[PDB]
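Shown next, in structure tokens, is the structure this report addresses.
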Amino acid sequence: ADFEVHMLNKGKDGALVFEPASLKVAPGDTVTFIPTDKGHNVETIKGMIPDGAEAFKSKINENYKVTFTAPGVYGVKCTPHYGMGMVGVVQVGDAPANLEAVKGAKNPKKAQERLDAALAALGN
Ligand SMILES: [Cu+2]
Numbered sequence: 001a002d003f004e005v006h007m008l009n010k011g012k013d014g015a016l017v018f019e020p021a022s023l024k025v026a027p028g029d030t031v032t033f034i035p036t037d038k039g040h041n042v043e044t045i046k047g048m049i050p051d052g053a054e055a056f057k058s059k060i061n062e063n064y065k066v067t068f069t070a071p072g073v074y075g076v077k078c079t080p081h082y083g084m085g086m087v088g089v090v091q092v093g094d095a096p097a098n099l100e101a102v103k104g105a106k107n108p109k110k111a112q113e114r115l116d117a118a119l120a121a122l123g124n
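At position 55 of the sequence shown (counting the first as 1) the number is 55 in the entry's author numbering, and the numbers step up by one without a gap.
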């Protein structure tokens, strides 16, 4: 199945957001990151993807379809707006084995609050 994630200048959780900011998918599902507003992209965050998973980084304003395979939690960011809090989490499967590594990684304040909220929204 395919899921859109919208790259937004603002949304219900405020300024510079992925919507949804948390999403649980199955292996083989796709997430299509939509450049709903101009100036955004998507990139995996250092240290925040499962063992054996490929990192990825899209171009700004690119409609970017990612296939997820390896189970676990994936921290994602918008490259230009990471420091301003533009982040999300995609979780593949239940009971993510890399949860503590993901929770432990240091991020700027705004980003960390939204990562933590997304992990909590996913039941972790
Ligand atoms: Cu952005």
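Virtual Cβ for every residue (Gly too), placed ideally from N, Cα, C.
What three-state label does DSSP hand residue i in the structure shown?
| i | result |
| --- | --- |
| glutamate 100 | helix |
| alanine 111 | helix |
| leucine 119 | helix |
| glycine 93 | coil |
| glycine 88 | strand |
Less than 8 Å separating the beta-carbons of residue i and residue j?
| i | j | result |
| --- | --- | --- |
| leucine 115 | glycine 83 | no |
| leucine 23 | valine 90 | yes |
| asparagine 98 | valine 73 | yes |
| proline 96 | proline 27 | no |
| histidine 81 | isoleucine 60 | no |
| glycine 88 | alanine 120 | no |
| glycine 52 | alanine 105 | no |
| residue 131 | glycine 85 | Absent from the structure is residue 131, since the part of the chain shown begins at 1 and ends at 124. |
Might you give, ordered along the chain, the residues of its own chain that have their beta carbon closer than 8 Å to the beta carbon of residue i, omitting 5 neighbours on each side?
| i | result |
| --- | --- |
| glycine 11 | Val17, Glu19 |
| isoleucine 34 | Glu4, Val5, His6, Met7, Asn63 |
| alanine 21 | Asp13, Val87, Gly88, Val89, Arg114, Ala117, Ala118, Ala121 |
Which residues in the same chain have their Cβ closer than 6 Å to the Cβ of residue i, if we skip the five residues on either side of it in sequence?
| i | result |
| --- | --- |
| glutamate 43 | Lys57, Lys77, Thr79 |
| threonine 30 | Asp2, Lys65, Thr67 |
Every unbroken beta strand (DSSP E) inside the region 46-77 [3 residues or more]: 64-67, 72-77
Secondary structure, beta strand (DSSP E): runs of 3+ residues fully inside the region 2-43: 2-11, 14-19, 22-25, 30-34
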